[PDB]
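In the structure tokens that follow, a single protein chain appears in two forms: structure 1, then structure 2.
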Structure 1
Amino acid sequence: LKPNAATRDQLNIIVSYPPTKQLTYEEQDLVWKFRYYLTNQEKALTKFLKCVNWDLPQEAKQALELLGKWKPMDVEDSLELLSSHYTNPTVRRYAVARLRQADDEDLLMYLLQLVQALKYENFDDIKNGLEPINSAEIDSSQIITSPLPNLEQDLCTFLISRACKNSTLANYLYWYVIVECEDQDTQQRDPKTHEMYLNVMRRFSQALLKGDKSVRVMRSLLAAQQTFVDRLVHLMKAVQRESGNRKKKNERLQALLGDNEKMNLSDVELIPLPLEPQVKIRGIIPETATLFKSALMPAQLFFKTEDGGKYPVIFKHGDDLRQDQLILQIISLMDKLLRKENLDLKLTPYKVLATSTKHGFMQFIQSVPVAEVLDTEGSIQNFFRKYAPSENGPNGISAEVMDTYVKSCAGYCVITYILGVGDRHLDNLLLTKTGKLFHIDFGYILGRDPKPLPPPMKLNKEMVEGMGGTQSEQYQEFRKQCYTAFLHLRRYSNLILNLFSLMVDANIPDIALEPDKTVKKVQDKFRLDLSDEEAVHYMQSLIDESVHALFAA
């Protein structure tokens, strides 16, 4: 029953191993023996469930008795029980029971991954949920637009249940499920999975229709959004087909946008913007809409908002926004995590929402790429002097602007390092007149890069020069903020890792390459082998080596 002191210490070693580390057969044999003692340790549960062979009915049965008797697990820990690693129905109900304890604010932080977790759920239990054919004959983008006249819930039931009580959650659940239906690789390689997402959508549609006055209206709005996107897509196809230069294309873009009788995109009743449903839109301003220099022909569009505002967006048609959608979702979570630890590092986690595997939205943040900053003002400090001057301020620039700059440089240095962001150049490093420095274009992630031998630390001459060099007080503050952000993010390793673990079968280019090796790629950047004091030095070493190497050119 109770182990000795030396054994109690041996078990403690195991309980606090990283998630990618595999327990040995004898290691598990020990944990299995003292499973009743381990009951008082919530962090032991994870290690315990890794000892069970769910193909052995009595072992599974034995384990589930202990699950009900175990110390209730964390909401961050419950995300591990929804991964592909656990498919036993009761285990997955336990995970959901722990999510029933979370706020919608947190549920929203994990919803991208939760929608993905439906792939490991029971497809029949989801089908038998439909109250009273070829799957290709059922258009996903037509379900909501064609309305017909303790451990009780599974994941599907739960997500819909909460989506009816909350309009924001419903908007994302809808679009996250819409893109999972629209996935052509899933349709072709796993037809039974594609059928499931359709059944989740029909269940959601049905659930709304059975709801009250406010719930029933959510279904109309969702259908109004679908319809708007559908028409924006048709407008895009048209402009991309239009023969001529960018000038002739923009003429056609604004021409069609101006034609509300034909297109219905310039004047509409207030509908939640798919990208940020907290924002209601009146339609697109035609005259301000144009195409970017890019060969894809993406469009910058100005949405008239509920309160006279103008919300710029990038609408890409002919591209998959899911990888950028994941990266921006992680940067947002990491920013929220740092703020929770009272460390606001002036980050720019703009919104990205793929509305299909072929099209999506992006929240446009007014800025100038550092490339252009140099092409016109010659330096980051010259640019900041122009738009943000102060006589008493450091290097003849405002304190707030200088402070925001150092803070975001440090924030992004750590995040881009942890997420292993490749293809870094001055075209995708953006700067704001408030001092906000941020990265865009997440086409190369988790150590992937177009060029061979990419550096682990994405830092350059211009960035350091903008700080007033290596001997500045600012440079010292930069270092201090890097290693602080790092220790804070390392604290939330389990969560960042469990979420990435739920993206292995998501069809994210750079995750698909090595799904098995993905979690470890991230897990290694945290350097969980090192103590906080060691980590601080490891970070300072990265910075030194990086800076020395960049001046050596």
Structure 2
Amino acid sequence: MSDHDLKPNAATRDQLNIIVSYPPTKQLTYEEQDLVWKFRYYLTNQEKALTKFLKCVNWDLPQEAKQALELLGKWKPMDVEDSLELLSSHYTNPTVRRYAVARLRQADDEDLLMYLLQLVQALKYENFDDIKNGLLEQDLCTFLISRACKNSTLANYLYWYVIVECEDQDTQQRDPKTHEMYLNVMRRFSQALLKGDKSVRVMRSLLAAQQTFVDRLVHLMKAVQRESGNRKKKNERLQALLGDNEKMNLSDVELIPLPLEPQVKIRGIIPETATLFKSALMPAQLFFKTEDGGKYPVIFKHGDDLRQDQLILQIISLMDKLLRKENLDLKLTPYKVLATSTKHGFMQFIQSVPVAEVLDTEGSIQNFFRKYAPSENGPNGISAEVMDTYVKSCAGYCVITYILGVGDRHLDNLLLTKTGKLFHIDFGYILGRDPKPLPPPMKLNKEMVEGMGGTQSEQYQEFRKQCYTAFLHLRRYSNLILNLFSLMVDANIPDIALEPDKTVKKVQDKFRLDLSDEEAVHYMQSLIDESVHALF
């Protein structure tokens, strides 16, 4: 007469195995909850089942909620990436949210960093009183802060991710409680760092030091941008001022972490080699003096919101690392991007050449490779390593921009390196938006297929094959990827703010989870064949 030892038959066991493996974004029917609830003790052996079970529980009712939080403790503990589900707007039970935090605590700092941007958004769903009242024992805020005190990379990204939230005037107006919460989070972090040992107090003073550097760099740009005179006068000015260390302190400073890549430490900016891009917004190329004695080049952008690119480069970075986990290195170029404000930011410079220019100067991608990487014995005269790099990186981006639905793909946004690496910059249109109407679902391009040697080449087949493999690997992390996007729904990211209600679905649909590995591999093939046909 008792529930503990229930055993479903094979038929209800397959009904349960479908339900368990639904994406996190699928609401269960009333009948489905009843089955999950009915066989709850049987499902405690399946860590994947826990997330579906918490969705069955009606938290208004005190009695089974009580039995829910009981089973939670009994349940085989869930994987880290499923705990990102419990942190969304969709859960408010304190015990659940805490169990979530408890599970994240099992991720190592490397993994944690991959999710930090999204975690800082999750704060919007924590309890604002508990957060302020600080002037299964940790809420998210305590956990995040506690990890920053011990990890200086986490502390940097947590510092910058959170002040960019403080400095968001938009939020000040429309959602003042969420703006105080982020001020309270910045306060909570400073306070925690102050109670630390001397090394932790130094790490804090180094945060301030960077903020100061970036404050002064902003001041420099305003001086430059507002001085009538052509690019050459503006450039002459930029260098005058960088050069003047007593004035601006941007030439020589006491070693500090680069906000763009904190592991890298810097002494200043080489005054003479700094210029402004011909671009309308006149951003700056800045060569940082690294500690070792080398130099890290950068783009500094003023009067321009990088938060949308910040997200995309971090999903691209995640995806690269996911694919790399399964031993598939598609030679992607996930360049770094950090917003320093809603109005400015750094961005990692990568020596490259836009395909628009390659064509103009060399005539074709292959001419370019033949010129800088020739090989008597190579495919089409080109080093097989360069060509291998190109094929891989083409297939990589292709799958990735297909999923994130990146629009506006002209030949000044595709960039090419002399080692064969192809990558995308500039993600002002994502999730299906485009400046032209009826955009193709697949962003291919003639001169790209011709770089491969043409639709007859064996490189072109290898390209197609790498695309399948990439598609299928990325599909296996649909849970993760979607959970993370879910935490991004209420964010000042123009392309997500246009339709917060529908953002996650637009990524999910690209995964074709209704299809299976066989059919998925076949649907891709189709897309690639249709796109290539349509180009000719």
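The term rigid core refers to the maximal set of C-alpha atoms that superpose within 1.5 Å between the two forms. Counting starts at 1 with the first residue of structure 1 and goes up one by one along its sequence.
Of the listed residues 212, 74, 185, 227, the one positioned at a hinge between rigid parts between the two structures is 74; the rest lie more than 12 positions from any hinge. Each of the two rigid parts keeps its shape between the two structures, while the smaller one turns against the larger by 9°, per C-alpha superposition.
With both forms fitted on their core, the C-alpha atom of residue 7 sits 3.0 Å from where it sits in the other form; this compares the forms between the two structures. CA movement of residue 58 between the two structures equals 4.4 Å, with the two forms superposed on the rigid core. Look at residue 86: with the core superposed, its C-alpha moves 1.0 Å between the two structures.
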